[PDB]
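Understanding the architecture of this molecule
Next come the chains, spelled out residue by residue.
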Amino acid sequence: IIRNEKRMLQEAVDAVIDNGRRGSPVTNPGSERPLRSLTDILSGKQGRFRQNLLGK
Amino acid sequence: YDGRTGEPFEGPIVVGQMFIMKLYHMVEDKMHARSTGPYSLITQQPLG
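Residues numbered from 1 in each chain as written, not as in the entry; some residues may be left out. Chains lettered and ligands numbered in written order. Part of a larger assembly, values for the part shown. Heavy atoms only, no water.

This next bit is on the overall build of chain A. Across its full length, chain A carries three helices and zero strands. Relative to the 2.2 N^0.38 estimate, which gives 10 Å for 56 residues, the radius of gyration of chain A is 14 Å and therefore markedly larger than a compact globule would have. Oriented by its inertia axes, the alpha-carbon framework of chain A measures out at about 50 × 20 × 15 Å. Here chain A holds 56 residues, and the buried ones make up 9% of them. For chain A, the proportion of contacts with a sequence separation of at least 24, taken over those separated by at least 6, is 0%. When the accessible area of chain A is evaluated, it comes to approximately 5100 Å², of which 57% is carbon and sulfur surface. (Helix = DSSP H or I, 4+ residues; strand = E, 2+ residues; numbered from the N terminus. Rg over C-alpha atoms; globule rule 2.2 N^0.38 Å. Buried < 20%, exposed > 50% of the residue type's maximum accessible area, 1.4 Å probe, protein only. Contact = heavy atoms within 4.5 Å. Areas by Shrake-Rupley, 256 points an atom, 1.4 Å probe, with all protein chains shown as cover.)

Before going further, it helps to examine the overall build of chain B. Scanning chain B from terminus to terminus reveals one helix and zero strands. For chain B, the proportion of its 48 residues judged to be buried stands at 6%. About 5500 Å² of surface is accessible on chain B, with carbon and sulfur atoms providing 62% of the total.

The next point concerns the side chain of A:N52. Turning to its location among the elements, A:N52 is positioned in helix α3 (residues 48-52). The class for A:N52 is buried, based on a relative accessible area of 7%. Aside from chain neighbours lying at most four places away, what touches A:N52 is A:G47, B:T43 and B:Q45.

Residue and element names in this part refer to chain A. Residue position: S37 is located in the loop between α1 (2-17) and α2 (38-42). In terms of polar contacts, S37 uses its side chain to reach the backbone carbonyl oxygen of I17, at 2.5 Å. A polar contact of 2.2 Å, which involves the side chain of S37, links it to the side chain of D40. The residues contacting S37, other than those within four sequence positions of it, are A15, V16, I17, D18 and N19. (Polar contact = N/O pair within 3.5 Å; in protein donor to acceptor, adjacent residues only side chain to side chain.)

The next thing to look at is the pattern of salt bridges. Residues and elements named next belong to chain B. This structure, assessed with the given rule, holds one salt bridge over all chains. Between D2 and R4 there is a salt bridge, with the nearest N and O atoms lying 3.1 Å from each other. The buried category is assigned to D2, whose relative accessible area is 12%. (Salt bridge = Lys/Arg side-chain N within 4 Å of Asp/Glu carboxyl O.)

Moving on, we get to a nonpolar patch on the surface. Residue and element names in this part refer to chain A. Together, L9, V13, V16, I17 and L38 line one region of the surface with nonpolar side chains, adding up to about 450 Å² of accessible area. Broken down by element, the residue count for the nonpolar patch peaks at four residues, all from α1. Within the secondary structure, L9 is located in helix α1. (Patch = residues over 30% accessible without salt bridge, like charges linked within 9 Å, V, L, I, M, F, W, Y side chains within 5 Å.)

See the structure below:
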């Protein structure tokens, strides 16, 4: 049980950082769109560096 | 001729009936300008 939850810790935690760079991404319960994590806000064409700070 | 002057035009100009249409986009709607409005809750940027 220990290894089970102790590992679920690493997967959840790392999911809050980059969701989907390791294993299938986690989405809102029962629906579709994968939760946008920290690293998911930075990268991408709409990243805050672009859609907000390099143009607004 | 020229309704402004009354003198004709050096060359001839084709004319006559044609079918045209006023498209959806009308400045009456699209045209806009703001001064200080609401801002995106996250960052204080304005709204498209």
